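Taking it in order: structure first as structure tokens, then the write-up.
Protein chains: 2
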Amino acid sequence: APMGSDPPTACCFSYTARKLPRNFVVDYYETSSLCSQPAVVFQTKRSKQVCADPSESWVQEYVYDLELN
Amino acid sequence: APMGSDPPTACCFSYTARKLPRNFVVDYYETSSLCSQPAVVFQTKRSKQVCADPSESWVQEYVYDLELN
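One line per chain: the protein sequences are F and C, in this order. One gets this note's numbering by counting positions in the first sequence from 1 and adding 35 to each. One gets this note's numbering by counting positions in the second sequence from 1 and adding 35 to each.
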């Protein structure tokens, strides 16, 4: 099972601009690592994936809530 | 058909280090645009996708060959 050669990388280039209400986040996903600029990605109910600045405390709080329940 | 909110972006963080022989490139793909650092991606026969610095003339030449035949 040889690994690919050097595919691109799903890295966020920016972030939304409004906190997604908990009623709009059933899960999340983190970016890669290759790019020196990872970020947290929230999965909503009427969209797909949304990048979020890990610098905003609410982002860290929502991630913590996802780790619990 | 509402568009997602702000998904990540397949942007290359680096590039391979050896020119892929024409005998190893049946197609290619370009990165996105959101990230201020797009790149050309070559598709081989025994791998997947490979990012390439558009600064290397051979990359531009191989792309031209793909546009012709």
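No residue lacks a Cβ here, since even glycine has one placed at the ideal position from N, Cα and C.
- Taking a Cβ-Cβ threshold of 8 Å, the residues of chain F close to residue 85(C) are 39, 40, 41 and 42, in chain order.
- Taken through DSSP and simplified to helix, strand or coil, residue 88(F) comes out as coil.
- Between residue 40(C) and residue 72(F), the C-beta spacing is not below 9 Å.
- Beta-bridge analysis with DSSP links residue 64(F) to 76(F).
- Residues of chain C with a Cβ closer than 9 Å to the Cβ of residue 92(F) do not exist; the shortest Cβ-Cβ separation is about 19 Å.
- Residue 66(C) is positioned such that its CB atom lies no closer than 9 Å to that of residue 52(C).
- Put simply, the CB of residue 76(C) is near chain F, with a gap under 9 Å to one of its CB atoms.
- Counting only Cβ-Cβ distances below 8 Å, residue 69(F) has contacts in chain C at 48 and 49, in chain order.
- If you draw a straight line from the Cα of residue 93(F) to the Cα of residue 54(F), it comes to about 8 Å.
- The residues 74, 86, 87 and 88, in chain order, have a CB closer than 7 Å to that of residue 50(F) in the same chain once the five nearest residues on each side in sequence are set aside.
- Proximity of chain F to residue 81(C) at the Cβ level (cut-off 8 Å) is accounted for by 37, in chain order.
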